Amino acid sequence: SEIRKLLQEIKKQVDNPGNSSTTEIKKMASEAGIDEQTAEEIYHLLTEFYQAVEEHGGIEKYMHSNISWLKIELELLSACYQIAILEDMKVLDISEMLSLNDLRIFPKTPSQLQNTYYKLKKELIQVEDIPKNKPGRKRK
């Protein structure tokens, strides 16, 4: 599968967009036999996510803010795992690929991505901003 190189190029375009960005992504997806619609959806979700990060002061300011995940970030997470799974990638490999260890689609580690993916599937969390909850005993 060429899903990794496609996602990599999608991020490359989001980080430096031009009037031919989406056309190039469609072409790359087509040549790889990857669904064009889902490829473009990811490009647009990623664009929004990065725009949101900037509205939150930037990647560094965001990674340390009180927000663990943004609603758009979770939408992106679900779309990324879904397209990669359809392309026959193993879960462990997807978590690695999307993380800080590789493509850096998300400013998250493979475990942050994978634990969240399963909580999302188990409906332990909703598709909405998720605040960083503090540890420690609860007040009396």
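Residue positions are given as counts along the sequence shown, with the first one as 1.
Novice: In the PDB record, does 30-38 or 74-82 carry the higher mean Cα temperature factor?
Specialist: Per the deposited B-factors, the answer is 30-38.
Novice: Look over 64-72 and 94-102 in the entry and identify the one with the greater average Cα temperature factor.
Specialist: Comparing averages over the C-alpha atoms only gives 64-72.
Novice: Based on the entry's values, in what third of the chain does the Cα temperature factor of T23 lie: lowest, middle or highest?
Specialist: Ranked within chain, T23 CA B lands in the middle tercile.
Novice: C-alpha B factor of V53, ranked within the chain: lowest, middle or highest third?
Specialist: Tercile = highest for this residue's CA B-factor.
Novice: When the modelled residues of the chain are sorted by Cα temperature factor, does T116 land in the lowest, middle or highest third?
Specialist: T116: CA B-factor falls in the lowest third of its chain.
Novice: Going by what the PDB entry lists, where does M89 fall on CA B-factor within its chain: lowest, middle or highest third?
Specialist: CA B-factor rank for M89: middle third.
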